[PDB]
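A.B. asks: Just the structure for this:
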Amino acid sequence: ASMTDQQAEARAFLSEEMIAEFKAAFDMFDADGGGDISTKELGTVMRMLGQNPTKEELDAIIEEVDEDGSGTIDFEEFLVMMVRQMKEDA
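C.D. replies: Residues are numbered from 1 along each chain as shown. Okay, here it is:
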């Protein structure tokens, strides 16, 4: 597919409640609730260890989902990311 229908199959398993629950934990990626993961804040959640991060280190995760080009993702498209390899079976 492309990306739209992508969140569709991933939403079927994420009942309207399964998403409203992650919304709260969605503030962990951003700062206090910027409502975005863009390499701006993303490079930190992963580089929070304290290491100079590479420009391609935070962009390598952006091309895995952020295909539009903006170079950022929200809690919406971020869900399908974990709904890919489900231990259930996949």
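
A.B. asks: Would you agree residue 10 is in contact with residue 78?
C.D. replies: No: assessed by C-beta atoms under 8 Å, residue 10 is found out of contact with residue 78, at 10.2 Å. (Each C-beta comes from the backbone N, C-alpha and C, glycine too.)

A.B. asks: where do the helices sit along this structure?
C.D. replies: Along the chain, counting by DSSP state H, helices occupy 4-13, 16-29, 39-47, 55-59, 75-82.

A.B. asks: need those helices in CSV with mean neighbour count and distance to residue 90, can you?
C.D. replies: Shown next, in CSV, are the helices of the chain (neighbours: other C-beta atoms under 10 Å; distance: least, C-beta to C-beta, whole Å):
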stretch, mean neighbour count, distance to residue 90
helix 4-13, 13, 12
helix 16-29, 12, 17
helix 39-47, 16, 23
helix 55-59, 14, 26
helix 75-82, 17, 11
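
A.B. asks: mind listing what the spatially most central residue of the chain touches?
C.D. replies: For the chain, the residue nearest the mean C-alpha position is residue 78 (2.7 Å; C-alpha atoms, centre = their mean). Applying C-beta atoms under 8 Å, 6 or more residues apart in numbering, we find residue 78 in contact with 26, 29, 37, 65.

A.B. asks: redo that, cut-off 7 Å
C.D. replies: residue 37 (C-beta atoms under 7 Å, 6 or more residues apart in numbering).

A.B. asks: if I look at the residue lying closest to residue 6 once chain neighbours are set aside, how far off is residue 64?
C.D. replies: Nearest residue to residue 6 in three dimensions, chain neighbours excluded: residue 80, at 4.9 Å (C-beta to C-beta, 6 or more residues apart in numbering). According to C-beta to C-beta, to the nearest Å, residue 80 stands 11 Å off from residue 64.
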